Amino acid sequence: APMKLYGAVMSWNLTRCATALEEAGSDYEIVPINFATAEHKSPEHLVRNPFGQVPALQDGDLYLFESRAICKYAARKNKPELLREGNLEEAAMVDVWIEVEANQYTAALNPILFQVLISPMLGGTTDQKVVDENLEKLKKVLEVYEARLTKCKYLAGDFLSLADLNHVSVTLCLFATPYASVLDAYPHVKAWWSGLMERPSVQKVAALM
């Protein structure tokens, strides 16, 4: 009955899946994968993800991988309204913004979250060089989000969709560091992020970390 989500809760890619599963109201549980013992590279795991990585989802005998693919499925199966399937124009927007998150927002955030967050916990120091330039890249993205959110309640339009939830796992991480002050320069992105932060699904996900 419950779908098994494979991966350690410390990965923001698995929590991207947890966000959608929590919102669609899916029956699921997490199964941690230890990287220390190369568990992700075991034969049992390779039948779930041939590329040997997490996340991986199992629904009965159905195996899925790639966080964003796992996300569309949980909505597609439990809360399709998050995909606006049925309305062509609306569904097109959700896709447009699901791609922007991956190719724009997160792409600028990734270098940052590592320097400011992962690197130090592994015993390293933060490279300001990298942080500074990526903050510029992200800055230009937030200006667009700012205009977008001035005209629309949410990213895909006046409704919540997968485009929105897909941004929480990385943003929650950003919000745990002193760089959360970059959102203050964009009132609408800020308001938007607060609205999302109220949702129980988001609070649970934040709790998983």
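In this text, residue numbers run from 1 along the sequence as written.
- For the two regions 14 to 22 and 188 to 196, the entry's Cα B-factors average higher over 188 to 196.
- Looking at 81 to 89 and 109 to 117 together, the entry lists the larger mean B-factor for 81 to 89, computed on C-alpha atoms.
- Highest CA B-factor among the listed residues (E146, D164, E66, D27): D27.
- Split the chain's modelled residues into thirds by C-alpha temperature factor. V31 is in the lowest one.
- Among the modelled residues of its chain, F175 has a C-alpha B-factor that falls in the highest third according to the deposited record.
- For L46, the recorded CA B-factor ranks within the middle third of the chain. Only modelled residues enter the ranking.
- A75 sits in the middle third of its chain by CA B factor, as recorded in the PDB entry.
- In the deposited entry, the Cα temperature factor of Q58 sits in the top third of values across the chain's modelled residues.
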